[PDB]
């Protein structure tokens, strides 16, 4: 259905960014075959075919190399050296398929003093300034779940890597190795802060910048029911619209960008938002340019009309899953196929004519 219809992807079963990257390829129509160790309830494994092989046996390695020989992309998220030892390194795969985009998904990268060291998202964004920038200033840093290292600065960059190399392959006729490190990707994800730091527009003080919570017009507020709204009214005209819905006289308030009076401004805004329930503000702004929105819990998302009308989610059995993003006007993506039964690796090899 989607734009990636026809792309053949071999995924070497891992955790975090690799399976997320392979999911998105599958979402957009790619033919994704996942090799695991010898039906899943993990919705992330939608849009797959699962085969199983012992990659350490002679037989297991033979079939995998036959399946790789007929594929465009290979995704692996093991420590550097692992596929090399298995006999599935890029130098080995090239001998059977020099068009393969060999996509290596790691946190620390392929080389360097930390390249062989265990880690998780929180570690990768700890070394590059990111984690230090997240949270309130009166407290130790909070992890932004694993959104920044694993996915935003991880699978997403593997994805751009894969498709960019597929583009390069059109003219070269050949593939290459993509080295996607969470530490690199997340750095480029946050290039805006690096840019701002050079010009005095961002500081290393946590919780005291325009976009981290420090600004009263870009932060959440608790309402009378103990739920929250999000205020994002950066531009003066949107800020104006926000004060107008709150019924605050701007002449009575400190200026929007007088940072010396920010705690005063926040105390006034906090008093206003505390005077009514979330769904009141919910309704007072619902339609304006005030950049004020309800802070919905996951369990409330499916009831939001904008979410509903655009089909951002679909029901799997037992809960909502996000539909494929982004959206394409001519070759639209299908509703994802749920995880299905592990199939015979020989069936795939015949299908792919390997």
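Basically, rigid core = biggest C-alpha set you can superpose within 1.5 Å across the two forms. Numbering follows the first chain given and starts at 1.
Fitting each structure in 4 other deposited structures of this protein onto the rigid core and averaging C-alpha distances over structures and residues, 277-285 emerges as the more displaced of 150-158 and 277-285.
Annotation: of the segments 321-329 and 286-294, 286-294 departs further from this form in 4 other deposited structures of this protein (C-alpha atoms, root mean square over structures and residues, core superposition). Going from residue 38 to residue 39, the model skips 4 to 9 deposited residues, which lack coordinates. Remark: stretch with higher mean C-alpha B factor among 238-246 and 266-274 is 266-274. Stretches compared: 321-329, 49-57. Higher mean C-alpha B-factor in the entry: 49-57. By the numbers in the PDB entry, the CA B factor is greatest at 282 among 119, 254, 232, 282. Among the modelled residues of its chain, residue 203 has a C-alpha B-factor that falls in the middle third according to the deposited record. In this PDB entry, residue 175 carries a Cα temperature factor that places it within the middle third of its chain's modelled residues. Sort the modelled residues of the chain by CA B factor and residue 108 lands in the middle third. Sort the modelled residues of the chain by CA B factor and residue 167 lands in the middle third. Compared with the other modelled residues of the chain, the Cα B-factor recorded for residue 290 ranks in the lowest third.
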